[PDB]
Number of protein chains: 4
Amino acid sequence: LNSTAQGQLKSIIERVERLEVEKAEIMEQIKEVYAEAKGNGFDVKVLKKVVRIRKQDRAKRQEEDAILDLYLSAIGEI
Amino acid sequence: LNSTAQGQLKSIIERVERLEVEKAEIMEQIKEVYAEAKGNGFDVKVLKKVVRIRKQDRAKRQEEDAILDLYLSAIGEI
Amino acid sequence: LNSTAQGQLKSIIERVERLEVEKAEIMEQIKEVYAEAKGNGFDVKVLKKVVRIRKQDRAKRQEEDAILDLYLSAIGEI
Amino acid sequence: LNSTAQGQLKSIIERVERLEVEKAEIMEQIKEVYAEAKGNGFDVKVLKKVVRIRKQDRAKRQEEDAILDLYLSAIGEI
């Protein structure tokens with residue numbers, strides 16, 4: 001690779017790596033919020049599912065939940 | 001849950017969700033850098049592996065690579 | 001690696017690879033059952049979740065579901 | 001769901017679950033082979049990578065490896 005290409009490549013890697021640091025920082029801050037939640041007596045596993053489903057299409061989730069319950073009852077789950 | 005707990009919970013979710021937005025922003029910026037890389041004629045799949053292995057312990061990676069080559073040759077790969 | 005070790009290594013790889021073939025065969029049969037399910041008018045995505053949760057500890061799942069609902073209501077989801 | 005549908009559904013779940021048992025059995029046998037490998041002085045992590053790459057397109061893997069090395073040298077890795 002020529003001098004120009006080498007320069008570009010170095011810049012690309014440097015820039016991604018700087019952004020990966022920022023991403024790591026934000027992940028640590030998210031951890032810290034859950035750590036505070038745990039210390040205030042909340043269930044972190046459940047909190048994480050709250051955040052997770054609050055990103056899903058709520059109609060689709062409730063639709064799928066209804067079909068799930070229908071199937072569970074049809075196979076005779078008690 | 002009482003009023004206090006409700007307040008805490010809302011704050012927790014709000015704060016995580018704000019951080020998830022920031023994380024999404026940073027992921028988009030990482031995509032954009034690779035998009036620029038692609039437009040300058042680089043191999044994005046390979047770039048991503050450069051970044052990935054540049055986070056690993058390089059002694060361990062080279063050690064494992066050596067043992068790999070040893071095993072491949074022992075089973076007669078050509 | 002000496003002759004003995006080479007023999008062992010070849011046997012190891014051969015045996016794992018034969019088992020991976022069997023695993024692939026079983027995965028294909030699982031796909032086929034869901035294909036039959038789809039052709040009989042069932043919702044395969046939901047079927048897959050039925051199988052998935054039918055492997056979980058049902059007390060823990062229902063416990064977590066209860067706490068989830070409690071949190072969702074506390075943050076005022078409607 | 002009517003009687004017919006209930007019957008079909010039960011059959012579907014039963015059949016998938018029987019296949020998941022077989023899959024579990026095969027996974028355990030794969031573990032056992034690696035356990036034997038470990039007891040004969042082999043590096044299981046490396047063995048697993050041997051099996052993994054022996055499923056990839058070897059031209060594509062070597063092509064990507066070459067481009068990788070080219071990029072690593074261009075950014076001045078030592």
Side-chain angles (χ1 to χ4, degrees), chain A residues 27 30-31 33-78, chain B residues 1-2 5-6 8-17 20, chain C residues 23 26-27 29-31 33-34 36-38 40-78, chain D residues 1 5-28 31:
Chain A
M27 283 161 177
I30 292 167
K31 283 181 35 176
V33 175
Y34 283 127
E36 295 178 350
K38 193 176 177 180
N40 283 316
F42 294 98
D43 183 327
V44 174
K45 177 169 161 66
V46 171
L47 289 173
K48 280 168 174 185
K49 183 157 176 168
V50 168
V51 173
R52 173 178 81 80
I53 71 185
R54 272 167 66 82
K55 300 175 182 174
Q56 306 175 1
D57 177 333
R58 71 183 63 231
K60 193 211 72 163
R61 177 150 192 121
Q62 284 172 328
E63 172 237 323
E64 290 179 13
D65 288 350
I67 299 172
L68 177 65
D69 291 328
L70 175 56
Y71 286 178
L72 289 171
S73 64
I75 64 173
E77 275 270 60
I78 62 156
Chain B
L1 292 193
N2 63 39
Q6 290 170 26
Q8 288 176 331
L9 194 61
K10 286 179 184 178
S11 173
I12 286 155
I13 300 295
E14 283 160 7
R15 292 168 69 196
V16 176
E17 282 181 343
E20 297 289 7
Chain C
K23 189 168 95 171
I26 292 288
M27 283 161 177
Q29 289 181 282
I30 292 167
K31 283 181 35 176
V33 175
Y34 283 127
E36 295 178 350
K38 193 176 177 180
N40 283 316
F42 294 98
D43 183 327
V44 174
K45 177 169 161 66
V46 171
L47 289 173
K48 280 168 174 185
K49 183 157 176 168
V50 168
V51 173
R52 173 178 81 80
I53 71 185
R54 272 167 66 82
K55 300 175 182 174
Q56 306 175 1
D57 177 333
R58 71 183 63 231
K60 193 211 72 163
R61 177 150 192 121
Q62 284 172 328
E63 172 237 323
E64 290 179 13
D65 288 350
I67 299 172
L68 177 65
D69 291 328
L70 175 56
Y71 286 178
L72 289 171
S73 64
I75 64 173
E77 275 270 60
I78 62 156
Chain D
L1 292 193
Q6 290 170 26
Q8 288 176 331
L9 194 61
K10 286 179 184 178
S11 173
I12 286 155
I13 300 295
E14 283 160 7
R15 292 168 69 196
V16 176
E17 282 181 343
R18 187 188 57 222
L19 290 163
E20 297 289 7
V21 172
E22 293 170 22
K23 189 168 95 171
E25 286 162 354
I26 292 288
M27 283 161 177
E28 168 62 28
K31 283 181 35 176

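Scope of the values below: all heavy atoms of this structure, side chains included, with no hydrogens, waters or symmetry mates. We name chains A, B, ... by the order of the sequence lines, and we start the count at 1 in each one.
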Taking the side chain as everything from C-beta on, heavy atoms only, tell me whether [X] gets closer than 4.5 Å to [Y].
X	Y	result
C/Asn40	D/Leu9	no
C/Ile53	A/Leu72	yes
B/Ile13	C/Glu77	no
D/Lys23	D/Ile26	no
D/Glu22	D/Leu19	yes

How many angstroms lie between atom [atom1] of [X] and atom [atom2] of [Y], to the nearest 0.5 angstrom?
X	Y	atom1	atom2	value
D/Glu17	C/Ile30	CD	CD1	10.5 Å
C/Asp65	C/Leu70	CG	CG	12.5 Å
D/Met27	D/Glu20	CE	CD	8.0 Å

Check: Can D/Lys31 and D/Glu28 be counted as an ion pair, charged N to O under 4.0 angstrom?
Finding: yes
Note to self: Minimum heavy-atom separation for C/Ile78 and A/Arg58, please, with both atom names.
What the structure shows: O-NH1, 3.9 Å
Notebook entry, point to check: Taking all non-hydrogen atoms of both residues, which atom of A/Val51 and which atom of A/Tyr34 are closest, and how far apart?
Noted result: CG2-OH, 3.6 Å
Check: Is a donor on one side and an acceptor on the other found under 3.5 Å between the side chain of C/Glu64 and the backbone of A/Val46?
Finding: no
Item checked: Passing candidate, side-chain contact (heavy atoms from CB on, under 4.5 Å) with C/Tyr71, options C/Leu68, C/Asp69, C/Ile67 -> C/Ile67
